[PDB]
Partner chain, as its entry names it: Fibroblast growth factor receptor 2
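As structure tokens, one chain now follows by itself in the form solved without its partner chain.
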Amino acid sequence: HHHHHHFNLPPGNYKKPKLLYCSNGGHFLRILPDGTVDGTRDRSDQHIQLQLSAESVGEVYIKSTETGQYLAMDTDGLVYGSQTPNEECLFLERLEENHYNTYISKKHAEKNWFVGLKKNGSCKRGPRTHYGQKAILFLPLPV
């Protein structure tokens, strides 16, 4: 239910799409049509528009409005874009530092694997992410 994690939730809803802005390097979470996932500073990019949806309270899907691909994290902690929703597509959306949004792999929740962007714009691998990093901090902006 709580998945052994705090339950501080961020404000806001899923009514409209959003951009997931990463504090770390100022990148927007990007889901490439090829299943590639990274971050870009280009506000005009057509693959940064994401529609979040709540499966259950605090659990979301992050889907690309452009491609329809779901954000996901594999068994080895690699983030990728899935054509279909599966257990690797669910994330625990939580409030962080009383301000930001963090996304913890539900499948790998016990290991604290988050979605995160490096200063260079490249995704981090599950095991490389951790509480306290700027890489995991996101700001949902209107498109």
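Residue numbers count along the first chain shown, from 1.
Below, we refer to the form deposited with its partner chain bound, which is not included among the displayed structures.
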{"property": "Partner proximity in the bound PDB entry: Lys118 to its partner chain, non-hydrogen atom cutoff 4.5 Å", "result": "yes"}
{"property": "is_contact(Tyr100, its partner chain) in the bound PDB entry, heavy atom dist at most 4.5 Å", "result": "yes"}
{"property": "Residues from 128-143 in contact with its partner chain (non-hydrogen atom within 4.5 Å) in the bound PDB entry", "result": "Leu139, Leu141"}
